[PDB]
Every structure is written in C-alpha cells, then in structure tokens.
$ cat data.cif   # mmCIF, C-alpha atoms and all ligand atoms
data_input
#
loop_
_atom_site.group_PDB
_atom_site.id
_atom_site.type_symbol
_atom_site.label_atom_id
_atom_site.label_comp_id
_atom_site.auth_asym_id
_atom_site.auth_seq_id
_atom_site.Cartn_x
_atom_site.Cartn_y
_atom_site.Cartn_z
ATOM 1 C CA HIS A 4 74.003 -84.928 -1.949
ATOM 2 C CA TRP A 5 77.369 -85.630 -3.564
ATOM 3 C CA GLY A 6 79.841 -88.078 -2.112
ATOM 4 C CA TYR A 7 81.985 -91.072 -3.044
ATOM 5 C CA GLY A 8 79.389 -93.839 -2.839
ATOM 6 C CA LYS A 9 77.904 -95.980 -5.610
ATOM 7 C CA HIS A 10 74.903 -93.739 -5.992
ATOM 8 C CA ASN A 11 76.412 -90.277 -5.445
ATOM 9 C CA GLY A 12 80.048 -90.615 -6.505
ATOM 10 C CA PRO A 13 82.172 -88.908 -9.162
ATOM 11 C CA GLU A 14 80.259 -90.331 -12.140
ATOM 12 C CA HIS A 15 77.090 -88.621 -10.848
ATOM 13 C CA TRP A 16 78.499 -85.199 -10.014
ATOM 14 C CA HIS A 17 77.879 -83.727 -13.478
ATOM 15 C CA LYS A 18 74.113 -83.736 -12.880
ATOM 16 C CA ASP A 19 74.384 -81.062 -10.160
ATOM 17 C CA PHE A 20 77.723 -79.622 -11.372
ATOM 18 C CA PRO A 21 77.848 -79.657 -15.167
ATOM 19 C CA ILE A 22 81.390 -78.205 -15.135
ATOM 20 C CA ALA A 23 82.370 -81.759 -14.181
ATOM 21 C CA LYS A 24 82.648 -82.313 -17.942
ATOM 22 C CA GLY A 25 84.507 -79.050 -18.542
ATOM 23 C CA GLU A 26 87.719 -78.165 -20.338
ATOM 24 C CA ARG A 27 90.126 -77.978 -17.398
ATOM 25 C CA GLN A 28 89.034 -80.576 -14.845
ATOM 26 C CA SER A 29 91.227 -82.239 -12.233
ATOM 27 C CA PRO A 30 92.802 -84.545 -11.375
ATOM 28 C CA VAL A 31 94.659 -85.844 -14.442
ATOM 29 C CA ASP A 32 97.130 -88.563 -15.274
ATOM 30 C CA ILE A 33 100.655 -87.176 -15.519
ATOM 31 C CA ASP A 34 102.395 -88.833 -18.422
ATOM 32 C CA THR A 35 106.019 -88.330 -17.459
ATOM 33 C CA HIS A 36 107.337 -88.842 -20.984
ATOM 34 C CA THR A 37 105.013 -86.221 -22.475
ATOM 35 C CA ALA A 38 105.454 -83.534 -19.789
ATOM 36 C CA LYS A 39 107.914 -80.969 -21.048
ATOM 37 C CA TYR A 40 110.622 -79.228 -19.079
ATOM 38 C CA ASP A 41 109.852 -75.517 -18.989
ATOM 39 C CA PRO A 42 112.963 -73.378 -18.460
ATOM 40 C CA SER A 43 110.717 -70.318 -17.987
ATOM 41 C CA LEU A 44 109.389 -71.571 -14.647
ATOM 42 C CA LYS A 45 110.819 -69.608 -11.704
ATOM 43 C CA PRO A 46 111.971 -71.249 -8.507
ATOM 44 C CA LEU A 47 109.130 -72.388 -6.242
ATOM 45 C CA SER A 48 108.892 -70.599 -2.887
ATOM 46 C CA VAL A 49 107.147 -72.349 0.011
ATOM 47 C CA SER A 50 107.294 -70.017 3.009
ATOM 48 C CA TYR A 51 105.646 -71.713 5.962
ATOM 49 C CA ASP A 52 107.809 -70.567 8.919
ATOM 50 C CA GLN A 53 105.075 -68.260 10.247
ATOM 51 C CA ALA A 54 102.210 -70.673 9.618
ATOM 52 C CA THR A 55 99.403 -70.568 12.205
ATOM 53 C CA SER A 56 97.278 -73.710 12.299
ATOM 54 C CA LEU A 57 94.006 -73.369 14.212
ATOM 55 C CA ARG A 58 91.661 -76.324 13.936
ATOM 56 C CA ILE A 59 91.019 -79.693 12.382
ATOM 57 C CA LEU A 60 87.550 -80.475 10.994
ATOM 58 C CA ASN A 61 85.870 -83.619 9.659
ATOM 59 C CA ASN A 62 83.636 -82.135 6.949
ATOM 60 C CA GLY A 63 82.074 -85.389 5.803
ATOM 61 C CA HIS A 64 84.401 -86.005 2.858
ATOM 62 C CA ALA A 65 87.871 -85.396 4.299
ATOM 63 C CA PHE A 66 89.511 -83.681 7.243
ATOM 64 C CA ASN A 67 90.837 -80.143 6.883
ATOM 65 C CA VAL A 68 93.655 -78.718 8.955
ATOM 66 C CA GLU A 69 92.768 -75.019 8.879
ATOM 67 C CA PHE A 70 95.109 -72.038 9.101
ATOM 68 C CA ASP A 71 94.860 -68.378 9.981
ATOM 69 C CA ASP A 72 94.756 -66.791 6.526
ATOM 70 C CA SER A 73 93.833 -63.266 7.686
ATOM 71 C CA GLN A 74 97.440 -62.173 6.964
ATOM 72 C CA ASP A 75 100.391 -63.312 4.847
ATOM 73 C CA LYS A 76 101.834 -65.902 7.252
ATOM 74 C CA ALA A 77 102.142 -69.070 5.201
ATOM 75 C CA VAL A 78 102.440 -68.375 1.491
ATOM 76 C CA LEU A 79 103.223 -70.051 -1.785
ATOM 77 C CA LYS A 80 104.909 -68.035 -4.558
ATOM 78 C CA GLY A 81 107.158 -68.556 -7.543
ATOM 79 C CA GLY A 82 107.110 -71.506 -9.875
ATOM 80 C CA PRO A 83 104.312 -70.950 -12.389
ATOM 81 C CA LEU A 84 102.600 -68.442 -10.101
ATOM 82 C CA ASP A 85 102.205 -64.708 -10.393
ATOM 83 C CA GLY A 86 101.715 -63.055 -7.010
ATOM 84 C CA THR A 87 101.126 -64.404 -3.548
ATOM 85 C CA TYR A 88 98.911 -67.290 -2.463
ATOM 86 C CA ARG A 89 97.885 -67.762 1.193
ATOM 87 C CA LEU A 90 97.591 -71.182 2.812
ATOM 88 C CA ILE A 91 93.998 -71.713 4.007
ATOM 89 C CA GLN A 92 93.903 -75.488 4.702
ATOM 90 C CA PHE A 93 95.365 -78.851 3.890
ATOM 91 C CA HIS A 94 93.650 -82.190 3.562
ATOM 92 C CA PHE A 95 94.206 -85.627 2.056
ATOM 93 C CA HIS A 96 92.516 -88.080 -0.272
ATOM 94 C CA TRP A 97 93.148 -91.783 0.398
ATOM 95 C CA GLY A 98 92.113 -95.321 -0.398
ATOM 96 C CA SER A 99 90.643 -98.384 1.212
ATOM 97 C CA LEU A 100 93.885 -100.220 0.322
ATOM 98 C CA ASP A 101 97.424 -99.028 -0.390
ATOM 99 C CA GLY A 102 97.078 -99.547 -4.153
ATOM 100 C CA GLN A 103 94.688 -96.620 -4.611
ATOM 101 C CA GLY A 104 93.853 -93.279 -3.015
ATOM 102 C CA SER A 105 95.585 -90.572 -4.992
ATOM 103 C CA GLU A 106 93.715 -88.281 -7.351
ATOM 104 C CA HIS A 107 96.577 -87.492 -9.691
ATOM 105 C CA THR A 108 98.332 -90.506 -11.157
ATOM 106 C CA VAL A 109 101.822 -90.797 -12.605
ATOM 107 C CA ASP A 110 102.052 -92.932 -15.740
ATOM 108 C CA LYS A 111 98.760 -94.385 -14.493
ATOM 109 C CA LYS A 112 100.253 -95.285 -11.095
ATOM 110 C CA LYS A 113 97.994 -94.632 -8.126
ATOM 111 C CA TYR A 114 99.571 -93.746 -4.794
ATOM 112 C CA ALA A 115 98.090 -94.656 -1.395
ATOM 113 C CA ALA A 116 97.073 -91.073 -0.735
ATOM 114 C CA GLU A 117 97.553 -87.466 -1.831
ATOM 115 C CA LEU A 118 98.050 -84.354 0.295
ATOM 116 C CA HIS A 119 96.631 -81.029 -0.912
ATOM 117 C CA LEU A 120 97.873 -77.759 0.551
ATOM 118 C CA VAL A 121 95.300 -75.257 -0.644
ATOM 119 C CA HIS A 122 96.239 -71.588 -1.150
ATOM 120 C CA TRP A 123 94.289 -68.587 -2.503
ATOM 121 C CA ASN A 124 95.504 -65.616 -4.523
ATOM 122 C CA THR A 125 95.586 -62.560 -2.300
ATOM 123 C CA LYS A 127 94.859 -60.234 -5.220
ATOM 124 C CA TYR A 128 91.224 -61.387 -4.911
ATOM 125 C CA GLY A 129 90.858 -60.517 -1.223
ATOM 126 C CA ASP A 130 89.065 -63.609 0.022
ATOM 127 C CA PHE A 131 88.750 -67.315 -0.831
ATOM 128 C CA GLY A 132 85.172 -67.043 -2.042
ATOM 129 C CA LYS A 133 86.143 -64.412 -4.604
ATOM 130 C CA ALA A 134 89.307 -66.299 -5.570
ATOM 131 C CA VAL A 135 87.465 -69.480 -6.568
ATOM 132 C CA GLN A 136 85.579 -67.460 -9.195
ATOM 133 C CA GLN A 137 88.840 -66.689 -11.050
ATOM 134 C CA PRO A 138 90.944 -68.841 -13.349
ATOM 135 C CA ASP A 139 94.074 -68.082 -11.277
ATOM 136 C CA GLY A 140 92.345 -67.983 -7.902
ATOM 137 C CA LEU A 141 93.894 -70.994 -6.171
ATOM 138 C CA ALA A 142 97.197 -72.811 -6.112
ATOM 139 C CA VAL A 143 97.301 -76.328 -4.704
ATOM 140 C CA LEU A 144 100.530 -78.041 -3.811
ATOM 141 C CA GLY A 145 99.931 -81.748 -4.217
ATOM 142 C CA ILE A 146 102.126 -84.371 -2.592
ATOM 143 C CA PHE A 147 101.866 -88.123 -3.042
ATOM 144 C CA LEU A 148 101.991 -90.542 -0.105
ATOM 145 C CA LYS A 149 103.404 -94.049 -0.375
ATOM 146 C CA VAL A 150 103.371 -96.598 2.434
ATOM 147 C CA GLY A 151 106.703 -97.520 4.010
ATOM 148 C CA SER A 152 108.535 -95.706 6.814
ATOM 149 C CA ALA A 153 106.544 -93.431 9.131
ATOM 150 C CA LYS A 154 106.427 -89.678 8.505
ATOM 151 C CA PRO A 155 107.219 -88.173 11.905
ATOM 152 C CA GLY A 156 105.675 -84.808 10.993
ATOM 153 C CA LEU A 157 102.347 -86.493 10.231
ATOM 154 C CA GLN A 158 101.920 -88.171 13.600
ATOM 155 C CA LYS A 159 100.305 -85.192 15.388
ATOM 156 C CA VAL A 160 97.612 -85.261 12.695
ATOM 157 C CA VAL A 161 97.031 -89.013 12.982
ATOM 158 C CA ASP A 162 96.734 -88.879 16.745
ATOM 159 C CA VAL A 163 93.914 -86.307 16.802
ATOM 160 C CA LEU A 164 91.730 -88.233 14.289
ATOM 161 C CA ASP A 165 89.999 -90.250 17.023
ATOM 162 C CA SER A 166 88.569 -86.981 18.322
ATOM 163 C CA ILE A 167 87.006 -86.012 14.982
ATOM 164 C CA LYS A 168 85.733 -89.410 13.893
ATOM 165 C CA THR A 169 82.432 -88.228 12.464
ATOM 166 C CA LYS A 170 81.109 -85.489 10.165
ATOM 167 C CA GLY A 171 80.888 -82.052 11.785
ATOM 168 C CA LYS A 172 83.365 -82.746 14.562
ATOM 169 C CA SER A 173 86.327 -80.440 15.050
ATOM 170 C CA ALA A 174 89.209 -80.102 17.471
ATOM 171 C CA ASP A 175 91.732 -77.466 18.357
ATOM 172 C CA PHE A 176 94.865 -77.956 16.281
ATOM 173 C CA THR A 177 97.286 -75.151 17.019
ATOM 174 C CA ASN A 178 101.032 -74.964 16.491
ATOM 175 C CA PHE A 179 101.231 -77.582 13.751
ATOM 176 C CA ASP A 180 104.113 -77.078 11.304
ATOM 177 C CA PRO A 181 103.249 -78.155 7.764
ATOM 178 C CA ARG A 182 106.928 -78.080 6.757
ATOM 179 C CA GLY A 183 107.110 -81.538 8.321
ATOM 180 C CA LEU A 184 104.908 -82.902 5.501
ATOM 181 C CA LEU A 185 107.192 -81.869 2.608
ATOM 182 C CA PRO A 186 109.583 -84.129 0.728
ATOM 183 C CA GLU A 187 113.232 -83.190 0.238
ATOM 184 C CA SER A 188 112.820 -82.085 -3.384
ATOM 185 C CA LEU A 189 110.465 -79.432 -4.713
ATOM 186 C CA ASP A 190 110.701 -80.705 -8.316
ATOM 187 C CA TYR A 191 107.169 -80.514 -9.713
ATOM 188 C CA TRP A 192 104.719 -80.800 -12.585
ATOM 189 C CA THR A 193 102.192 -78.007 -13.187
ATOM 190 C CA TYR A 194 99.005 -77.561 -15.202
ATOM 191 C CA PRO A 195 95.771 -75.521 -15.105
ATOM 192 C CA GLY A 196 92.908 -77.388 -13.496
ATOM 193 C CA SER A 197 90.012 -77.416 -11.073
ATOM 194 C CA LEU A 198 88.800 -78.317 -7.624
ATOM 195 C CA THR A 199 88.485 -82.102 -7.485
ATOM 196 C CA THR A 200 85.418 -81.816 -5.248
ATOM 197 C CA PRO A 201 82.123 -80.067 -6.016
ATOM 198 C CA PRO A 202 81.705 -77.333 -7.048
ATOM 199 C CA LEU A 203 84.617 -78.415 -9.307
ATOM 200 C CA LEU A 204 85.438 -74.790 -10.173
ATOM 201 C CA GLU A 205 88.135 -74.270 -12.768
ATOM 202 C CA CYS A 206 90.206 -71.967 -10.630
ATOM 203 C CA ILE A 207 93.395 -73.885 -9.730
ATOM 204 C CA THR A 208 97.021 -73.831 -10.774
ATOM 205 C CA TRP A 209 98.119 -77.330 -9.811
ATOM 206 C CA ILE A 210 101.668 -77.877 -8.592
ATOM 207 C CA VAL A 211 102.252 -81.612 -8.028
ATOM 208 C CA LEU A 212 105.561 -82.648 -6.491
ATOM 209 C CA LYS A 213 107.452 -85.511 -8.119
ATOM 210 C CA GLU A 214 108.868 -86.917 -4.875
ATOM 211 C CA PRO A 215 106.362 -88.745 -2.664
ATOM 212 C CA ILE A 216 106.539 -88.760 1.102
ATOM 213 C CA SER A 217 106.517 -92.056 2.956
ATOM 214 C CA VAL A 218 104.008 -92.767 5.689
ATOM 215 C CA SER A 219 103.589 -95.954 7.696
ATOM 216 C CA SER A 220 100.870 -98.549 7.348
ATOM 217 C CA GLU A 221 99.756 -97.658 10.891
ATOM 218 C CA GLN A 222 99.458 -93.988 9.968
ATOM 219 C CA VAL A 223 97.262 -94.589 6.911
ATOM 220 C CA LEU A 224 95.216 -97.205 8.798
ATOM 221 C CA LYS A 225 94.173 -94.406 11.139
ATOM 222 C CA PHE A 226 92.946 -92.280 8.210
ATOM 223 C CA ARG A 227 90.714 -95.233 7.271
ATOM 224 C CA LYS A 228 89.021 -95.293 10.697
ATOM 225 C CA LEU A 229 87.401 -91.919 10.102
ATOM 226 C CA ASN A 230 83.706 -91.823 9.169
ATOM 227 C CA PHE A 231 81.835 -90.059 6.362
ATOM 228 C CA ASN A 232 78.703 -90.206 8.520
ATOM 229 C CA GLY A 233 77.700 -88.135 11.508
ATOM 230 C CA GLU A 234 77.651 -89.270 15.123
ATOM 231 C CA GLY A 235 75.113 -91.987 15.877
ATOM 232 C CA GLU A 236 74.507 -92.800 12.206
ATOM 233 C CA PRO A 237 75.321 -96.098 10.487
ATOM 234 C CA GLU A 238 79.076 -96.301 10.091
ATOM 235 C CA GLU A 239 80.506 -95.590 6.655
ATOM 236 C CA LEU A 240 84.289 -95.640 6.771
ATOM 237 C CA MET A 241 85.912 -92.593 5.200
ATOM 238 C CA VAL A 242 87.913 -94.313 2.478
ATOM 239 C CA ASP A 243 88.265 -93.892 -1.296
ATOM 240 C CA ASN A 244 87.479 -90.172 -1.145
ATOM 241 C CA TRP A 245 89.326 -89.562 -4.410
ATOM 242 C CA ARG A 246 88.120 -88.462 -7.844
ATOM 243 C CA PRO A 247 89.627 -90.413 -10.770
ATOM 244 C CA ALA A 248 91.717 -88.889 -13.545
ATOM 245 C CA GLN A 249 89.829 -86.638 -15.973
ATOM 246 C CA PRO A 250 90.480 -85.944 -19.668
ATOM 247 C CA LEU A 251 93.511 -83.702 -20.265
ATOM 248 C CA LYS A 252 91.860 -82.025 -23.272
ATOM 249 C CA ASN A 253 93.709 -78.956 -24.531
ATOM 250 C CA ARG A 254 96.324 -78.831 -21.809
ATOM 251 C CA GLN A 255 100.032 -79.326 -21.448
ATOM 252 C CA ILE A 256 101.687 -80.503 -18.260
ATOM 253 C CA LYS A 257 104.997 -78.703 -17.637
ATOM 254 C CA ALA A 258 107.929 -80.008 -15.617
ATOM 255 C CA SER A 259 110.179 -77.845 -13.442
ATOM 256 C CA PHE A 260 113.041 -80.275 -13.848
ATOM 257 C CA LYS A 261 115.052 -81.872 -16.652
HETATM 258 ZN ZN ZN B 301 91.969 -82.274 -2.349
#

$ encode --input "data.cif" --output "structure tokens"
Amino acid sequence: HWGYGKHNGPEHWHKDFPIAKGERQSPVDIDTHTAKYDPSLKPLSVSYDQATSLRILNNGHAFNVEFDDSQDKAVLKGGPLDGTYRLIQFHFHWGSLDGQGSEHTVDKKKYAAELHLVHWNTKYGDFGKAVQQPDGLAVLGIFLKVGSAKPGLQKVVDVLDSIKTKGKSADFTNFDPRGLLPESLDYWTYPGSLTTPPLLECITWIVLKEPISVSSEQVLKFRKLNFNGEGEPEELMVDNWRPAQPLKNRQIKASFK
C-alpha cells in the first residue's frame, strides 16, 4: 500500500490514485513575488476557545490529534472561505533532518516540518461527504523551523512515546491548539488537494506566512515515531511529506501587502 518509501512513495501514488496528476494537486511551491495581494479577502477567523481534543492516534503515516467535531466548537471562517469549517484533527509532516520536512515550500525553501489543522465545511454534514466537494475542506498550514522551543507543543511531544507504532492511540483531552499558532495570521491561499491518498481535490489551502519555532529536542521526538506496527522491523517515521506539485492553472493569493 502507499507510503513514503522508495517503492511506495509519492512518485508511485498515481497508479492507485490517478488524480495524483490532476489539475489542483497539493502541495505547491509558493513563489512570494508572484503571489498577488487580494484586497477582497475578508479577515481570517480562527475560533478555537471551545475546542475539545479527544485522542491522539499513530495511523502509520503521521499522528493525528483528534477533536470532537459533532458540534461547532472549534471553527475556521473568513479569509477566502464561505461558511463554517469544523476542526476535525491536526497532524504534522516532517523530515529526517531540519533542512526538509514541509510539504509547501516558499521560494523553494523547505521548512523542518509543517502543521495541518484540518477542517470540514459544515454545509456538507459530515467529513466523508465534504471530501467529495471542491470546497469541502479548509486546511490551515503552519511552517515549523528549528530554534526556540514551542511551549504549546510540549504536551504533544511528551505523549509520542505512548503511540510509537501504527494503530496505537492515547487519550489526549484538554489540549488547546491556540498554543500552536504564530503571532500573525497573514497567509497565502489557493485551491488544492489532500496531500495524502486519496489526494481528493477538495481543499482550500490557507498557509500562514509566519513559521512557529520548535526546538531540536521537540522535532527529534517526532523522528522517534515508527511507520510500522508493534513488533515489526523498525522504520522511523520521517520524511512523511509529499513534494511540491505543478501549479497549473492556479493563482496563489496573499492576504497581506
Ligand atoms: Zn497534512
């Protein structure tokens, strides 16, 4: 099945998921000089005060911090979005070394990792229906660089030992995702896709310009996770990122001048 290895990685995905070569695939390189300020964008609204985290799961390709999305508790609105999008989970993509890991790139620069807060459009009722629609998901993407520790990330890092292998989960209640946001909400936006199979072209991407800083020790702990299940030969969970895909007939818009 698909993964990030030599024999099942991103360059193979198109065989099972032909949309991999589609017209609005993600991630992309963000060329900062070509992105155009769009005065029509409305202010972005990240409302996470009532967020209810539940569980953290190693799914074999990342770890997901899952939220109660059975009501409007943690929602993304505004910006390029019409309507209300409910937070369902966040996860990261990261590298084997600090010089790679992000999916989006900025003027071809790769960051050490990239955080994805995944939200679905409530007008479609459930996540499974939303992913079948061109405006079904909104993902807030945030770059991670290595430097000072991110205090609001530490509760995540410290539970990783308990979900080392594929299929393991742990209770993860009362986690506040506001502690993972940078100061500025300046962003780039474009229409794209899931970056993992099934690669559905259902996402409005909102990628923040300002990275957050995490420490070397924090990202080292990401890299101790395993793609494999318990008892199986160890395959460190690293380089679980898809590279930049052709922009094709798309324009990246900036929220800032
Ligand atoms: Zn992702």

$ resolve_selection --input "data.cif" --expression "the PyMOL selection byres (((chain A and resi 160) around 9) and not hetatm)" --output "mmCIF file with C-alpha atoms, keeping the file's coordinate frame"
data_model
loop_
_atom_site.group_PDB
_atom_site.id
_atom_site.type_symbol
_atom_site.label_atom_id
_atom_site.label_comp_id
_atom_site.auth_asym_id
_atom_site.auth_seq_id
_atom_site.Cartn_x
_atom_site.Cartn_y
_atom_site.Cartn_z
ATOM 1 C CA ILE A 59 91.019 -79.693 12.382
ATOM 2 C CA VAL A 68 93.655 -78.718 8.955
ATOM 3 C CA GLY A 156 105.675 -84.808 10.993
ATOM 4 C CA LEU A 157 102.347 -86.493 10.231
ATOM 5 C CA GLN A 158 101.920 -88.171 13.600
ATOM 6 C CA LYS A 159 100.305 -85.192 15.388
ATOM 7 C CA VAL A 161 97.031 -89.013 12.982
ATOM 8 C CA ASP A 162 96.734 -88.879 16.745
ATOM 9 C CA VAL A 163 93.914 -86.307 16.802
ATOM 10 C CA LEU A 164 91.730 -88.233 14.289
ATOM 11 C CA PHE A 176 94.865 -77.956 16.281
ATOM 12 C CA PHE A 179 101.231 -77.582 13.751
#

$ closest_residue --input "data.cif" --among "A:192, A:66, A:20, A:88" --to "residue A:166" --atoms "only C-alpha atoms"
A:66

$ atom_distance --input "data.cif" --atom1 "atom CA of residue A:205" --atom2 "atom CA of residue A:64"
19.9 Å

$ residues_around --input "data.cif" --residues "residue A:105" --least-positions-apart "2" --cutoff "10 Å" --atoms "all atoms listed in the file" --output "VMD selection string"
chain A and resid 30 95 to 98 101 to 103 107 to 109 112 to 118 145 to 149 243 to 248

$ resolve_selection --input "data.cif" --expression "the PyMOL selection byres (((chain A and resi 199) around 7) and not hetatm)" --output "ChimeraX atom specification"
/A:29-30,197-198,200-201,203,246

$ closest_residue --input "data.cif" --among "A:175, A:180, A:236, A:106" --to "ligand ZN 301 (chain B)" --atoms "only C-alpha atoms and all ligand atoms"
A:106

$ axis_aligned_box --input "data.cif" --around "stretch 189-198 of chain A" --padding-each-side "8 Å" --output "JSON"
{"center_x": 99.8, "center_y": -78.2, "center_z": -10.0, "size_x": 37.9, "size_y": 21.3, "size_z": 26.5}

$ closest_residue --input "data.cif" --among "A:181, A:237, A:25, A:104" --to "ligand ZN 301 (chain B)" --atoms "all atoms listed in the file"
A:104

$ atom_distance --input "data.cif" --atom1 "atom CA of residue A:70" --atom2 "atom CA of residue A:87"
16.0 Å

$ closest_residue --input "data.cif" --among "A:100, A:218, A:44, A:91" --to "residue A:69" --atoms "only C-alpha atoms"
A:91

$ closest_residue --input "data.cif" --among "A:202, A:82, A:132, A:183" --to "residue A:144" --atoms "only C-alpha atoms"
A:82

$ atom_distance --input "data.cif" --atom1 "atom CA of residue A:123" --atom2 "atom CA of residue A:37"
28.7 Å

$ residues_around --input "data.cif" --residues "residue A:45" --least-positions-apart "4" --cutoff "12 Å" --atoms "all atoms listed in the file" --output "ChimeraX atom specification"
/A:41,80-85,190-191,258-260

$ resolve_selection --input "data.cif" --expression "the PyMOL selection byres (((chain A and resi 206) around 12) and not hetatm)" --output "PyMOL selection string"
chain A and resi 22+26-29+121-124+131-143+194-199+202-205+207-209

$ closest_residue --input "data.cif" --among "A:252, A:65, A:167, A:73" --to "ligand ZN 301 (chain B)" --atoms "all atoms listed in the file"
A:65

$ residues_near_point --input "data.cif" --point "(98.7, -67.8, 5.6)" --cutoff "10 Å" --atoms "all atoms listed in the file" --output "PyMOL selection string"
chain A and resi 50-51+53-56+69-79+88-92+122-123+125

$ decode --input "data.cif" --residues "stretch 163-177 of chain A" --atoms "C-alpha atoms" --output "JSON list (two decimals), in the first residue's frame"
[["chain", "number", "residue", "atom", "x", "y", "z"],
["A", 163, "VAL", "CA", 2.75, 11.62, 24.64],
["A", 164, "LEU", "CA", 4.52, 10.34, 21.48],
["A", 165, "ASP", "CA", 6.35, 7.57, 23.38],
["A", 166, "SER", "CA", 2.95, 6.05, 24.12],
["A", 167, "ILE", "CA", 1.90, 5.88, 20.46],
["A", 168, "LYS", "CA", 5.20, 4.81, 18.93],
["A", 169, "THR", "CA", 3.77, 2.36, 16.43],
["A", 170, "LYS", "CA", 0.96, 2.19, 13.85],
["A", 171, "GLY", "CA", -2.50, 1.69, 15.34],
["A", 172, "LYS", "CA", -1.65, 2.93, 18.81],
["A", 173, "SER", "CA", -3.70, 5.70, 20.37],
["A", 174, "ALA", "CA", -3.84, 7.53, 23.67],
["A", 175, "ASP", "CA", -6.27, 9.77, 25.45],
["A", 176, "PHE", "CA", -5.48, 13.39, 24.63],
["A", 177, "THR", "CA", -8.09, 15.61, 26.24]]
